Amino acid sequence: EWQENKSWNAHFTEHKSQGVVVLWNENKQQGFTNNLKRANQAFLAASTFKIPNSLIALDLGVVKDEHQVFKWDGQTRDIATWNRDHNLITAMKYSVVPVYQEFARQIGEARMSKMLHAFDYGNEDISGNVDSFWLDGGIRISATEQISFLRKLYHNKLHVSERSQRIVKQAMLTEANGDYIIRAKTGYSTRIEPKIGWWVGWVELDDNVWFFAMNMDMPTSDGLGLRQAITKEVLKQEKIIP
């Protein structure tokens, strides 16, 4: 069912890095990874938690639609793009943490936890600050656990409205051309060791969907582009994209 392809490691070593890529061929229900053990190692979800946090917020009406504006609170923050108004689309594109902490507080522990148990999401543990548990709280999720969650999202199978799932898959739009469509969220876990980078989503082809989840050691923010670059080297190595 799974299959180890350690060749992929050359892409991590080329860039002097370490991590795991996990691929899943929907048509052939076959997974692939350079490291089956690390594929199942659970880390903080960091901003990949913005997928489930969007779904819940939309489904509870915290977010009415992807046009609703969330005004900047006027607190200038190290991340220049955080210091403006945002709707769901730009908030996900630019991982606007404070916008989603506010979603989190309006959701509340109770519903947050109930929903993560409905979603089957990683270790389902929200314990910590309701508005930071995904950065420095209890929640743990592995790459293969990201793929099970995303596959459900992709078939409108989560226990929230079809519309909610449709609007979140829209906000995940990352890349589209005439060979593929990538829908995906980045993560950068940096408050608790180990420092890692996430990239989770999937690539849509004419006649298949390839779901991916990768994470990798991220000591300094200089390697943040490697998250996507190494994934695509794998996808390009496996002929999923040209």
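Numbering starts at 1 and runs along the sequence shown.
- Taking only CA atoms, the mean B-factor in the PDB entry is higher for 76-84 than for the other of 125-133 and 76-84.
- Averaged over Cα atoms, the B-factor as recorded in the entry is higher for 26-34 than for the other of 26-34 and 176-184.
- Residue-level temperature factors show residue 216 in the highest third of its chain, judged at the C-alpha atom.
- In the deposited entry, the Cα temperature factor of residue 195 places it in the highest third of its chain's modelled residues.
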